[PDB]
Amino acid sequence: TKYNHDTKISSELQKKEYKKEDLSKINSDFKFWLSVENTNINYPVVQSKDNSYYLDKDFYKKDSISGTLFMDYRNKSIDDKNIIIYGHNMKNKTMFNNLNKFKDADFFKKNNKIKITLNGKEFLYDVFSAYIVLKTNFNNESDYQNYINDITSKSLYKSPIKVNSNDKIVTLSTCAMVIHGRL
């Protein structure tokens, strides 16, 4: 097992979350905590003015090839129709590495959930799609529903879960593995 600065920093931020410390005082760009069931995805999520800055900067805004999980600069509220989060596929089996776990058919059929923790609240997103290979602004239900049947079909396996225009969708993308969860 390889221990380095990036693994030390992230495991310490995880500790500060267990202790209920306010992370945003460490980084004003902090948004919420993200964790996925039966993975080591248990990281902080930040937002910049773009989808590129936190590709090499850690949570402390220092250089880091592991980066920090960040959310699309275009997302605005937890009531957004498709919330997108980007994270690298680091080879320490860290960051968004465990998304490849959703290539296992048994794992997909098992219900592992996407968990967003925001201001002492817990939102649960049920995974319904996983596939190898991004709209946040939907001008009406038609586009949004077209987007739903669009990604429900790309899934490598068919999820028993049925999503429709009255659910909200979270999306975890690498920077490629992609999975989708619904609420």
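The residue numbers you see begin from 1 on each chain and track the sequence as written, which may not match the entry, and residues missing coordinates are not shown. Working from all heavy atoms in the structure, the side-chain values ignore hydrogens and water.

As recorded in the entry header, the structure was determined using X-ray crystallography to a resolution of 3.100 Å.

Turning our eyes to something else, we now look at empty space enclosed by the protein. Space inside the largest cavity adds up to approximately 80 Å³. Here a cavity is any set of points on a 1 Å grid over the protein atoms alone where a 1.4 Å probe fits but cannot get out, and a pocket is any open set with protein on both sides within 12 Å along at least 5 of 7 lines; a residue lines the site when it has an atom within 4 Å of a point. Taken together, 14 residues line the largest cavity, and the ones lying closest to its centre are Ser10, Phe59, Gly67, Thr68 and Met95. Of all the secondary structure elements, the ones that give two or more residues to the lining of the largest cavity are α1 (5-18) and β2 (42-46). The numbering of helices and of strands both runs from the N terminus, where a helix is a DSSP run of H or I of at least 4 residues and a strand a run of E of at least 2. Considering each element in turn, the lining of the largest cavity owes the most residues, four residues, to α1. When grouped by side-chain class, the residues that make up the lining of the largest cavity number seven nonpolar, five polar and two charged. Grid points are joined across faces, edges and corners, and a volume is the space filled by probe spheres set on the points. Side-chain classes follow a simple rule in which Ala, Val, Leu, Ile, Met, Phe, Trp, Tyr, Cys and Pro form the nonpolar group, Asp, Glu, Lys and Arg form the charged group, and the remainder, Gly included, forms the polar group.

Burial of strand β1 (residues 30-36) is extensive: six of the seven residues sit out of reach of the surface. The pairing criterion is simple: DSSP has to find at least two bridges between the two strands. Where β1 lies against β2, five bridges are found, and the strand directions are antiparallel. By the bridge assignment, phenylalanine 32 is partnered in β2 with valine 45. Counted along the chain from β1 to the antiparallel partner β2, the turn is five residues long, and its residue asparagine 38 has a positive phi close to 60°. Relative to strand β5 (residues 113-118), β1 runs antiparallel, the two being bridged by four bridges. Along β5, the bridge assignment pairs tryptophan 33 with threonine 117. Categorising residues by exposure relies on relative accessible area from a 1.4 Å probe, with only protein chains included: less than 20% of the type maximum marks a residue as buried, more than 50% marks it as exposed, and the intermediate range marks it as partly exposed.

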